[PDB]
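A.B. asks: I'd like to ask you about the structure that follows.
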RNA sequence: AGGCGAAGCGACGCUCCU
RNA sequence: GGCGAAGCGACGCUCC
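Residue numbers (the authors' numbering), protein chains in the order written: chain A, 25 to 41, 49 to 117, 119 to 492; chain B, 25 to 41, 49 to 492.
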């Protein structure tokens, strides 16, 4: 099935970042743009906006620019171009076209010129990308965009001539990068001193302020009453943020380490309590979540958040939202459905206190599903286990023992692809902030994925 | 002056609890009940109230009833009678004193003892039966011959005098009133230790009782309920409203952080460490050289994990945050926290725990904070547990001599120094009391001339 | 000459249509 | 009869 093969080929870069993979990419992309360009458009939209990928969606757009679907379905190409170019995504399209050696199409030239002349200047300079070989300057030298107005022409002159450009272009570049500034630009221009941070507090919103609270406390701003009131009124709307629970627990762990005042700790506690990840999975769910000490592995250098804490808070908020049973397994399958009376932060702190050790998946399956004859339909397992000869066959027997029983195993180490269910077991095969939607689109299966994709992720 | 001797003898049992001191008590009490029993009344008016005691109050009343002020100044002896007999079991206290001193029980003493016995509320009477002790309510009832004007009074009297051998109606009466209008302990004993009994004890848990029963609440998972969360928050918002002492907030908060209570109650306890300020008449520029020495780190009570220097440091911290001035913490280094005032008070005392503990070097602290820097203030409060030295405060005395109205207000927690006039301008409390601030306020005027302060300030009923 | 399409190195020129 | 006092539910005694 070419559809599922293309899906699993493109999707993996959400957690993965000539050549056999490249050759398969070219052949499958060209063939499925010739036959089913609607599928490729929906797939590019999905891989751009939900899974999270930048190079591959615009690469598929460039492939769609190189077939009969350019003439027949030009509006579809506009749709996928809009849904992919979320900026410097045009830079990615030129980078792809140059690296893989295809000629610069005239229609591609006009599309790139329209993007260049319509992109807001702030994104054009913040993503100027002079150091890159495929730069904005190279894009101008290759496509020759038409300056619709004088100020755009002055930006183009600045790109093409560097500091050796006209002084008017240099001053224009200096102003529009020092106007309408974010908190980062104000901080860089005015220095790192308490008053500048006080002025930047209104501009600190969301994940930015969540990560800047450490500096706010380092400068003693958390002890001021007005900052307290602002942060409290802001935490009132903290619930509606596009922030993942792992960021919340990372900020709370940083505050614990640095000794924050307890009001901000309680605020972030109740914020972590309501970080519900959206899903269409419905019914009683049993989460055999990896909370093992080995499954702990730091997310990044700066983030003190440790991998199993992220996995556990994800599964814990999931079990709180959908009911079911949150069995934490490291060596023993600890059942926490009787501890659901606790708050979410208290639950995850109890998990980080009481969950660690080795990795024994099969014993957890037998304890929570087989021996107890679990009555549910869905078993969401998030794990980093390596490839095994005979991976999950007790689970296969369990799903064979009844009707409409499915499994979604996540291999956060990338040891499996985004593979459509074989023996009623779908595999995510990596760790992403949007693993849940990967489970959601994997549950359907390879037979009906095309219809689901065209119905759900069709670009406008 | 006999008046000051009377005061320093009376006021010491906040921290200190025949006999040579007992004999001095008898002689001084008799002499000043004959001469100036108004001083006795004014002193015993607040001797139990502020510098709380139990044995010394009603002792001056027994002496007053054994003097001619019983005849001339009957309202005066009634005033101290009322002020010393606050609780319901202090009539056994006056019986115990009258017996120990060996006096014969006069008729007017019989009438006053009957006033404190018969007119007492029944619940206090049975809660303070004290049948274990030798001088029990049974002995008092046998000695007094109380007059039951109503039937139920005679039922309680028979119940005490006969134990379980009394009439069944008296035993039944003892059983109902002990099971009506009950305290949290009685509700818990009657209904058992189940979560429901603690939920229903929560409304009756107000003030110190709730603050000390929070840990038992959490033992049953009470802190995880949202409604219990809200109720505990509402009652905690008035933690400073009641005169809960600072060491109680910090002792509850230490167990709270140790047991991992939900952070809503933890933040409220840490902000309650912004203790309701120890009410002080001392005003103006102040410099609190508080002990944070490790030896001064001995817990106020055995159950409370909080150590004594926690109470002392929180007292000094709220005092400096209310009255201004300079907070110098000394164990080894003289830390001036007046630059770290911007931290929350819990942050203040927590960094006091971090930077405190160790030895005791008072001389270097007073040199750095007072003399060398020429502290412009007039009040230097040193809560300390330091032992007696050959020359404990002479730099301080020289500092007082260097200016006008310059005074010292040492407070030694050991209880080894008297409530005394500032000699060479150094007033000493000489005991760890939960109301040390009012003792040092009374010491500001000073024991030798303290009589005018007493008569002007403390009015007896 | 204008629009369209494409080839290559600022949009000129070239093919088709007008 | 009321008060005071002494001794042990209060009588009795002093004074009124």
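For each residue, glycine too, the CB sits at the ideal point set by N, CA and C.
1) Buried or exposed, going by whether 16 or more other CB atoms sit within 10 Å of the CB of residue 114 of chain A?
2) From the beta carbon of residue 375 of chain A, is the nearest beta carbon of chain B less than 9 Å away?
3) Quick one: what does DSSP say residue 407 of chain B is sitting in, helix, strand or coil?
4) When you compare the CB positions of residue 438 of chain A and residue 410 of chain A, do they come within less than 9 Å of one another, or not?
5) For the pair the segment 140-150 of chain A and the segment 174-193 of chain A, tell me if three or more CB-CB distances fall below 8 Å.
6) Is residue 459 of chain A helix, strand or coil when you go by DSSP?
7) If you draw a straight line from the alpha carbon of residue 348 of chain A to that of residue 379 of chain A, how long is it in whole angstroms?
8) Output, in chain order, the set of chain B residues within a Cβ distance shorter than 8 Å of residue 229 of chain A.
9) What whole-angstrom Cβ distance do residue 214 of chain A and residue 222 of chain A have, given they're in contact under 8 Å?
10) Have a look at residue 93 of chain B and residue 128 of chain B and give me their C-alpha separation to the nearest angstrom.
11) Using a threshold of 8 Å, is the CB atom of residue 160 of chain B nearer than that to any non-hydrogen atom of the ligand ATP?
12) Please check the pair residue 242 of chain A and residue 283 of chain A, which I expect to be a contact at CB under 8 Å, by giving their CB distance rounded to whole angstroms.
13) Output the distance between the C-alpha atoms of residue 294 of chain A and residue 345 of chain A, rounded to the nearest integer angstrom.
14) What residues of chain B sit near residue 561 of chain A, judged by a beta carbon separation below 7 Å?
15) Can you tell me whether DSSP reads residue 317 of chain A as helix, strand or coil?
16) Quick one: grab the DSSP three-state call for residue 51 of chain A.
17) I'd like to check one pair, residue 74 of chain A with residue 470 of chain A: are the Cβ atoms closer than 9 Å?
18) What do you reckon, are the CB atoms on residue 85 of chain A and residue 124 of chain A nearer than 9 Å?
19) Are there 16 or more other CB atoms within 10 angstroms of the CB of residue 490 of chain B, so buried, or fewer, so exposed?
20) Would residue 317 of chain B and residue 352 of chain B be called neighbours here (beta carbons separated by less than 9 Å)?
21) Taking CB distances under 9 Å as the criterion, tell me whether residue 44 of chain B reaches chain A.
22) Please report whether the beta-carbon of residue 68 of chain B lies at a distance below 9 Å from any beta-carbon of chain A.
23) Which term fits residue 418 of chain B, buried or exposed, when burial requires 16 or more other beta carbons within 10 angstroms of its beta carbon?
24) Excluding the five sequence neighbours on either side, which residues of its own chain have a C-beta within less than 8 Å of the C-beta of residue 480 of chain B, listed in chain order?
25) Does any residue of chain B bring its CB to less than 9 Å from the CB of residue 368 of chain A?
26) In chain A, what lies closer than 7 Å to residue 293 of chain B by C-beta?
27) Just to confirm the assignment, what range does the alpha helix (DSSP H) spanning residue 453 of chain A have?
28) Is residue 381 of chain A close to chain B, meaning its C-beta is less than 9 Å from at least one C-beta of that chain?
29) Three Cβ pairs or more, each shorter than 8 Å: is that satisfied between the segment 386-404 of chain A and the segment 353-372 of chain A?
30) For residue 337 of chain A, which option in A:354, A:264, A:302, A:276 has the closest C-alpha, if you only look at C-alpha atoms?
31) Does chain A have any CB closer than 9 Å to the CB of residue 255 of chain B?
32) Roughly how many angstroms separate the alpha carbons of residue 355 of chain B and residue 441 of chain B, rounded to a whole number?
33) Any chance the segment 180-197 of chain A sits against the segment 128-141 of chain A, with 3 or more Cβ pairs inside 8 Å?
34) Output the boundary residues of the beta strand (DSSP E) element that contains residue 448 of chain B.
35) Looking at the C-beta of residue 252 of chain A, does it have a partner C-beta in chain B at a distance below 9 Å?
36) By how many angstroms is the C-alpha of residue 333 of chain B removed from the C-alpha of residue 341 of chain B?
C.D. replies: According to the structure shown:
1) buried
2) Judged by the 9 Å Cβ criterion, residue 375 of chain A is in contact with chain B.
3) coil
4) Going by beta carbons, residue 438 of chain A and residue 410 of chain A fall inside the 9 Å limit.
5) In short, these stretches touch, since the Cβ pair count reaches three.
6) The answer is strand: DSSP assigns residue 459 of chain A an E or B state.
7) 8 Å
8) Within 8 Å Cβ-Cβ: nothing; residue 229 of chain A doesn't reach chain B, min ~15 Å.
9) Contact doesn't hold; Cβ gap of about 13 Å is too wide.
10) 8 Å
11) The model on display carries no ligand, and the ligand ATP is accordingly not part of it.
12) 5 Å
13) 21 Å
14) Since the first residue shown for chain A is 25 and the last is 492, residue 561 of chain A is missing from the structure and cannot be characterised.
15) strand
16) Note: residue 51 of chain A maps to helix in three-state DSSP.
17) Contact annotation: residue 470 of chain A and residue 74 of chain A have beta-carbon atoms that are not nearer than 9 Å.
18) yes
19) exposed
20) Cβ atoms of residue 317 of chain B and residue 352 of chain B: not closer than 9 Å.
21) Absent from the coordinates is residue 44 of chain B, which sits in the stretch where chain B moves from 41 straight to 49.
22) no
23) With fewer than 16 other CB atoms across the displayed protein chains lying within 10 angstroms of its CB, residue 418 of chain B is exposed.
24) 25, 28, 452
25) no
26) 375, 378
27) Here residue 453 of chain A belongs to no alpha helix (DSSP H); instead the beta strand (DSSP E) covers 451-454.
28) yes
29) yes
30) The option with the nearest alpha carbon to residue 337 of chain A is A:276.
31) With 9 Å as the cut-off, residue 255 of chain B counts as an interface residue toward chain A.
32) 19 Å
33) At 8 Å Cβ cutoff, the stretches do not touch.
34) Per DSSP, residue 448 of chain B belongs to no beta strand (DSSP E) and is neither H nor E.
35) Closer than 9 Å to some Cβ of chain B, the Cβ of residue 252 of chain A qualifies, so yes.
36) 14 Å
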